[PDB]
Amino acid sequence: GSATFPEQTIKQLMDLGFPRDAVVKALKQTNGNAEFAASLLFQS
Amino acid sequence: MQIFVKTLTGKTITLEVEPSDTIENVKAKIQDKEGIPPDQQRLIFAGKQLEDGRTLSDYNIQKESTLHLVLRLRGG
């Protein structure tokens with residue numbers, strides 16, 4: 001399964017008041033490092 | 001008043017603040033307990049980013065409100 005997006009983290013990131021769209025794109029450019037993904041998405 | 005700060009680890013940080021408190025001061029409290037630099041502390045309020053140079057009253061943050069904390073590192 002090509003599950004590059006961890007369910008737990010997806011829910012965590014979205015729970016911060018963000019849509020799945022932001023998660024997918026931010027995760028796509030980070031490759032699993034949601035911590036860095038959040039750092040990326042939050043720069044907007 | 002008491003607030004709930006949600007961490008990326010699914011942790012609920014309960015802190016004591018007031019509307020007359022500044023974001024910078026709030027993060028300072030988190031910095032002391034969590035040991036995380038205020039520079040990497042990004043506070044969120046219902047999907048909206050909070051400015052350090054503002055007060056809780058600026059966003060009408062009342063008691064029992066949930067605040068989010070994103071750890072913004074340097075790099076990727």
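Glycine gets a Cβ as well: all are built from the backbone with ideal geometry, and neighbour counts include every protein chain shown. Throughout, read-outs are computed from the coordinates displayed, never taken from laboratory work.
A few notes on this one:
- Verdict on residue B:53 being touching a helix residue (DSSP H, G or I) at 6+ places or on another chain (Cβ under 8 Å), in a loop (DSSP other than H, G, I, E, B) and at the interface with chain A (Cβ under 10 Å from one of its Cβ atoms): no
- Boolean, residue A:8 is closer than 17 Å to residue B:49 by Cβ and among the polar types (S, T, N, Q): no
- Count - residues of the range B:30-49 that are at the interface with chain A (Cβ under 9 Å from one of its Cβ atoms) and part of a strand (DSSP E or B): 5
- Within the range B:57-73, the set of residues being over 12 Å from the mean Cα position of the chain (by Cα) and more than 8 Å from chain A (Cβ to nearest Cβ) comprises B:57, B:58, B:59, B:60, B:62, B:63, B:64.
- Tabulated pairs, the range B:52-66, first more than 17 Å from residue B:42 (Cβ to Cβ), second of a type in the set (D, E, K, R) and part of a loop (DSSP other than H, G, I, E, B), C-beta under 7 angstrom, 6+ apart or interchain: B:55/B:21
- Of all residues making up the range A:1-31, the number that are under 8 Å from the mean Cα position of the chain (by Cα) and outside any helix (DSSP H, G or I): 1
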